[PDB]
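What follows is the residue order along each chain.
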Amino acid sequence: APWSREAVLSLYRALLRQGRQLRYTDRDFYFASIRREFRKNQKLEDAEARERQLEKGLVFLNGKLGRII
Amino acid sequence: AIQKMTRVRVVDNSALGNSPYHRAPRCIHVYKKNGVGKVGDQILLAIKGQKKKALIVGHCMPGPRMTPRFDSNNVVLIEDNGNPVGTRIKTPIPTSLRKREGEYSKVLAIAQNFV
Amino acid sequence: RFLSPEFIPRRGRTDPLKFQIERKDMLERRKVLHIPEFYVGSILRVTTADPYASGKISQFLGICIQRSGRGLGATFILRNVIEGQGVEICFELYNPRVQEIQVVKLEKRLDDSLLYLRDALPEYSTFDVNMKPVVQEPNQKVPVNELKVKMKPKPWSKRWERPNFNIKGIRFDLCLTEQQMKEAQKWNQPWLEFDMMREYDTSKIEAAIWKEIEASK
Amino acid sequence: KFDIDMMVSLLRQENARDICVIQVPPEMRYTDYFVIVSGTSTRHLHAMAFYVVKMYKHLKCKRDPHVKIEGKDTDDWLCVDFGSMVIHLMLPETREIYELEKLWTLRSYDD
Amino acid sequence: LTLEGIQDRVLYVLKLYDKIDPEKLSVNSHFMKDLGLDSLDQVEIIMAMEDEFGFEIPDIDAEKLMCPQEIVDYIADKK
RNA sequence: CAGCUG
């Protein structure tokens, strides 16, 4: 359905790896937030919206346009 | 200069200012002791017969040098208490809203472009 | 020989000594930031410190529409559209909070005052912010761009069809009838073009100021 | 120094329901750091805001313009602007409907 | 640590997670339809496995395990 | 009432 579920896996992995040592924020809150982000809106849409969510996730990983320190 | 009854061009995600109609909202009142308005001045604005408080962010009148000079008189919708109504402002806002003391930070929490 | 037009003084009766002070001081500001040659059509990116912020730079890009003013306070105003809003910023050339002003695209538009981009379609005032600086041939005349723009509906912010403006970069006959011609050409004023005494003989002052600018070593 | 670390320590000992930070890259002109915090109720926001602002006032930063508690009149959404930091206290539902950190991350990528 | 050690740790983690109810707790407790799990939820589950034993599961085999016997085998042979 | 007008 999406560009690739493997890309979703990799970006989720990177986000959560940087979330394991997320010092300034809250781990439980970030877990709830990432769940609400990447689960509800990444399940049953057309491939266009799949790619939009994928781009949202890769940006949310990147941190250039606002990093979650 | 955004006086009384200038046709305002709201810029907010809130549908209050996006309900299409030939009545583009016109300012009712300005809380500066003079009736001229400038950047970040609380005004009373009329939208579809509903009065509301609004924030001037960008206008067509050439102000100080290192602030922008927009095309039409942009405003932001703010509820009576102070919570801004919208959550995404498509057009950009000047930085100059931050300078003086006052109720102006809570609308800085929406700008995608601090131009 | 090009002299930035904010070095040639307005005709008047202020005495030279002020102009000498202005010229020496603005030249001795040029040595901390080169102000590149730029014209009333060129495109520029400006980078300015934000005293509003905690010492972080703020960038902008747009087309310069007016080169206005003389002396240490002269300014240039550049227009650009973003998200449908046409924002113009007037930047003071010699301000202590302009780091670098670089010519993204040197080009000299047909007119001498591009104030009518407020009343042309946004396509002529659109520029992607992150565009890359086009190179230029060093030892040849600057480009003379001619994009005779297309106009919005009639009620313009001024009345540019008037001939005292002498605008040449607007399409009239494409969207104008001859009726506008024969009603707006009673205010044409032939005599003023040949008034033999309004003309500012700004040559001798040019030589003197070139000597002075040379001698800043 | 009244940096972010002492602030989050005060929040943790006061045990706000949530704390989080977002960084402002130097190519954005707004501020240096954006601390989204959320306490229990308006009284709790009032008390923690008063404690943090009083500690800031007394400890250091006397030679600069003072700090105003934005939106104390409004019982759901508060803000405070420091020289480099800015902190925002949120009601739960107000925080959800606004979702500021999303924009701070997706500045030009999502509505 | 030990084979029984990793087995009981895996069982304890599987019990710990809330969305899955440990009705069957063998090494053959299927994931997708029996316990109602999706691919992203599979990555969440294997992350939950990492946090106490593992921590270095790459992104190549995260959507085929299909049973906690494979979880145990992965933890056993990865060391 | 749409918008222009010292």
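With the PDB entry as reference, chain B is termed 39S ribosomal protein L14, mitochondrial, source organism Homo sapiens. The deposited PDB record carries the title "Cryo-EM structure of the human mtLSU assembly intermediate upon MRM2 depletion - class 1". Quoted verbatim from the Subcellular location field of UniProt, the annotation for chain B is "Mitochondrion". The annotation that UniProt attaches to chain B under Sequence similarities is "Belongs to the universal ribosomal protein uL14 family."

Going by the PDB entry, chain A carries the name MIEF1 upstream open reading frame protein and comes from Homo sapiens. For chain A, the Subunit (literature references left out) comment in UniProt is given as "Interacts with intermediates of the mitochondrial ribosome large subunit (mt-LSU) (via MALSU1 as part of a complex that also contains NDUFAB1); regulates mitochondrial ribosomes assembly. Interacts with MRPL4. Interacts with MRPS27." Per UniProt, chain A has the following entry under Subcellular location: "Mitochondrion matrix".

Here we take up the pairing of strand 1 (residues 43-49) of chain C. Residue and element names in this part refer to chain C. A large share of strand 1 lies buried, amounting to six of its seven residues. Where strand 1 meets strand 5 (residues 100-105), five bridges bridge the pair, whose relative direction is antiparallel. Each residue of the ladder has a partner; that of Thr47, found in strand 5, is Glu100. The sheet contact formed by strand 1 and strand 2 (residues 57-68) spans seven bridges and is antiparallel. Bridge pairing links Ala49 to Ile57 in strand 2.

Moving on, we get to the interface of chain C and chain B. At the junction of the two partners, chain C supplies 16 residues and chain B supplies 20 residues. Together chain C and chain B conceal approximately 1,600 Å² of surface at their shared face, both sides included; 57% is due to carbon and sulfur atoms. Three residues stand out in chain C for area buried against chain B, namely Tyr52, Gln85 and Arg118 of chain C, and they jointly supply 41% of the buried area on that side. One salt bridge in this structure joins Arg69 of chain B and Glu88 of chain C, with 3.6 Å as the shortest N-O distance. Counting across the interface, chain C meets chain B through six residue pairs in polar contact. Looking at the side of chain C that touches chain B, the elements that each hand over two or more residues are strand 3 (75-82) and strand 4 (85-92) of chain C. Top element by residues in the side of chain C that touches chain B is strand 4 of chain C. It accounts for eight residues. Split into classes, the residues belonging to the side of chain C that touches chain B amount to seven nonpolar, three polar and six charged.

Next up on the list: the packing of aromatic side chains. Under the definition given, this model contains 14 aromatic pairs over all chains. Between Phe114 of chain B and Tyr30 of chain D, the aromatic rings sit 5.0 Å apart at their centres with planes inclined by 15°, giving stacked as the arrangement. With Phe114 of chain B in the segment after strand 5 (74-78) and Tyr30 of chain D in the loop between strand 1 (18-23) and strand 2 (33-38), this residue pair bridges two chains. On the basis of relative accessible area, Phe114 of chain B is assigned to the buried category, the value being 6%. Judged by centre distance (5.0 Å) and plane angle (0°), the rings of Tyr56 of chain D and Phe82 of chain D are stacked. Here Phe82 of chain D lies in the loop between strand 4 (77-81) and strand 5 (85-90) and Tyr56 of chain D lies in helix 2 (residues 42-59), a separation of 26 residues in the sequence. The exposure classification of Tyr56 of chain D matches that of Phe82 of chain D, with both residues buried.

With that settled, consider the sheet that holds strand 3 (residues 42-47) of chain B. Residue and element names in this part refer to chain B. Read across the sheet, five strands follow the order 1-5-4-3-2 without closing on themselves; strand pairing throughout is mixed. Taken across any chain shown, the strands that pair with only one partner, and hence form the sheet edges, are strand 1 (9-10) and strand 2 (26-30). Across four bridges, strand 4 (residues 50-56) lies against strand 5 in antiparallel orientation. Bridge assignment links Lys53 to a residue of strand 5, and that residue is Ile78.

Attention now moves to the nonpolar core. A general trend in soluble globular proteins is that nonpolar side chains are found buried together. Judged by nonpolar contacts, the single largest core of 27 residues is most densely connected at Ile93 and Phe114 of chain B together with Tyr30, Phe34, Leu100 and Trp104 of chain D. Where this core is concerned, the elements lending two or more residues are strand 5 of chain B together with strand 2, strand 4, strand 5 and helix 4 (100-105) of chain D. Leave out the neighbours within four places in its chain, and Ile93 of chain B touches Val57, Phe70, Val107, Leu108, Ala111, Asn113, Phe114 and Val115 of chain B. In terms of nonpolar packing, the next biggest core, distinct from the first, is built from 26 residues, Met26, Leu33, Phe38 and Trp210 of chain C among them.

Okay, the packing of helix 1 (residues 16-30) of chain C against helix 4 (residues 204-214) of chain C next. Residues and elements named next belong to chain C. Put simply, helix 1 and helix 4 touch, their axes get as near as 10 Å, and they point 40° apart. Taken together, helix 1 and helix 4 sit at an angle that is classed as oblique. The handedness of the crossing between helix 1 and helix 4 is right-handed. Of the residues in helix 4, those touching helix 1 at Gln20, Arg23 and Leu27 are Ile209, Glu212 and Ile213. Grouping the constituent residues of the contact of helix 1 with helix 4 by class yields three nonpolar, one polar and two charged.

Calculation notes
- Residues numbered from 1 in each chain as written, not as in the entry; some residues may be left out.
- Chains lettered and ligands numbered in written order.
- Part of a larger assembly, values for the part shown.
- Heavy atoms only, no water.
- UniProt positions renumbered as here; feature names shortened; annotations may be inferred.
- Buried < 20%, exposed > 50% of the residue type's maximum accessible area, 1.4 Å probe, protein only.
- Helix = DSSP H or I, 4+ residues; strand = E, 2+ residues; numbered from the N terminus.
- Pairing = 2+ DSSP bridges.
- Contact = heavy atoms within 4.5 Å.
- Buried area = accessible area lost by both parts, 1.4 Å probe.
- Salt bridge = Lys/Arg side-chain N within 4 Å of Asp/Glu carboxyl O.
- Polar contact = N/O pair within 3.5 Å; in protein donor to acceptor, adjacent residues only side chain to side chain.
- Nonpolar A, V, L, I, M, F, W, Y, C, P; charged D, E, K, R; others polar.
- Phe/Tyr/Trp six-rings, centres within 6.5 Å; stacked < 30°, edge-to-face > 60°.
- Core = buried A, V, L, I, M, F, W, Y, C linked by side-chain atoms within 4.5 Å.
- Axes fitted to C-alpha atoms, helices over the stretch in contact; angles between N-to-C directions.
- Parallel < 35°, antiparallel > 145°, perpendicular 65-115°, else oblique.
- Left-handed = near helix turned anticlockwise from the far one by under 90°.

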